[PDB]
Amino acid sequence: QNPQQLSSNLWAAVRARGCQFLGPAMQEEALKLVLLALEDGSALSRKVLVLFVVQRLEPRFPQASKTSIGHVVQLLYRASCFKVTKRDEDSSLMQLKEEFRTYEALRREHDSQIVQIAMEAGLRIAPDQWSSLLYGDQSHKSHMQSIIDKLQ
């Protein structure tokens, strides 16, 4: 198992559960726009959360789509970041749980969920490679080692 392999095996695993990582720049700006919509306790359907993040993301990142942002929203939902108000005959509304209404706390949950998908897929990826994959630098290895230890 070389790195170019583990990275393509990691991203395919992620997309297999209907989730997505748009690269370290765009994913960071995607999460922030999710926080911009939700940090005040506003309650948005998937559809309105997607339109909000897509429309603001588009001018800097033209590849942003309802599908690609749906997949990022699915990653947060799969990480159990949302309070979901279920009503009859209507779309469920999503709020950010009180504990995940800041970027640091939301991002930790996001990183953790990608690591659980690596483990579900039997992928064994060291922290230097994690730092690279999620942040595009080597400045997050400890962060990553912290999430790996919690999950084991």
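Rigid core here is just the name for the largest C-alpha set that superposes within 1.5 Å across the two forms. When you see a residue number, it is the position in the sequence shown, counting from 1.
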Between 83-91 and 102-110, which has the larger RMS C-alpha deviation from this form in 5 other deposited structures of this protein after core superposition?
83-91
Avg C-alpha B-factor, entry values, 103-111 vs 118-126, higher side is 118-126
Between the two ranges 44-52 and 57-65, the one averaging a larger CA B factor in the entry
57-65
Using the temperature factors of the C-alpha atoms in this entry, rank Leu10 within its chain: lowest, middle or highest third.
highest
Temperature factor at the Cα of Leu22, chain-ranked in thirds, falls in the lowest
